[PDB]
């Protein structure tokens, strides 16, 4: 029996729900192609690290992969749509925002030699610290782990000192004092056992950024018709299942952080007001960088 074999690099822990859904996707592709396409995922950055996956897929070093594409918004600012703070703070609203951004993002991805087969939101983003934080007076000079330009910008507005670290390297960065604070979901704090190093999480749910499963555009264009439709069928089903799993686990992760000794609370009123002011500035900066396209996306979203 003849079959194509593809390696699919992914950046997050093997037991993170995104990675598990990569395997679900591969199983569906194998079934729906009658065995003709067998995908093996490589989670945890074990084949290509997170910072390498986009280029690997663009050049065909890997045919398919998963990447958190807002970590490439410096090259393509439209990819920052999913880090606009306080714009879409629920799963339902994030789906509407993706619906408003999809055509423009698909066009931008094509210009980068990529096709996104499915995407999936992480849970809402909040702040991890090693101490109580009630205002930006408490955050001045704290070393911070960013995961993209938007989180680095947010950190700088709070007077923190950001450096980018991929999730697979986050535990060691915390253990060695590279950072004492970061923005992420409850999911990544759990997967990286961050209670070993930090004490507080503030549940802001400021945005729901997405992973994307991307395929090399030349490979996609050259696939047999049946293989291509099977990939899309598998992708649609996986994207639905992954987003359901993400939402089902969101609050469970918080309970796990608490069970391991962390203080998990909403941001205080003074702190939240600062975060919302910074978020408005970041949304204005994004709109200036993307221009009319950004105005169109936000308007289309608000009409839904």
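Positions refer to the first chain, counted from 1.
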Higher-scoring stretch by recorded Cα B factor average, 115-123 or 73-81 = 73-81
remark   = Assert higher mean C-alpha B factor (89-97 or 134-142, deposited values) equals 134-142
request  = Tell me which of 64, 235, 26, 264 tops the list for C-alpha B factor in the record.
outcome  = 264
message = Where does the C-alpha B-factor of residue 304 rank in its chain, lowest, middle or highest third?
response = highest
message = When the deposited Cα B-factors of this chain's modelled residues are ordered and cut into thirds, is residue 283 in the lowest, the middle or the highest one?
response = middle
key: Lowest, middle or highest third - CA B-factor, residue 166   = lowest
key: Lowest, middle or highest third - CA B-factor, residue 34   = highest
request  = Would you check the entry's CA temperature factor for residue 203 and let me know if it's in the chain's lowest, middle or highest third?
outcome  = highest
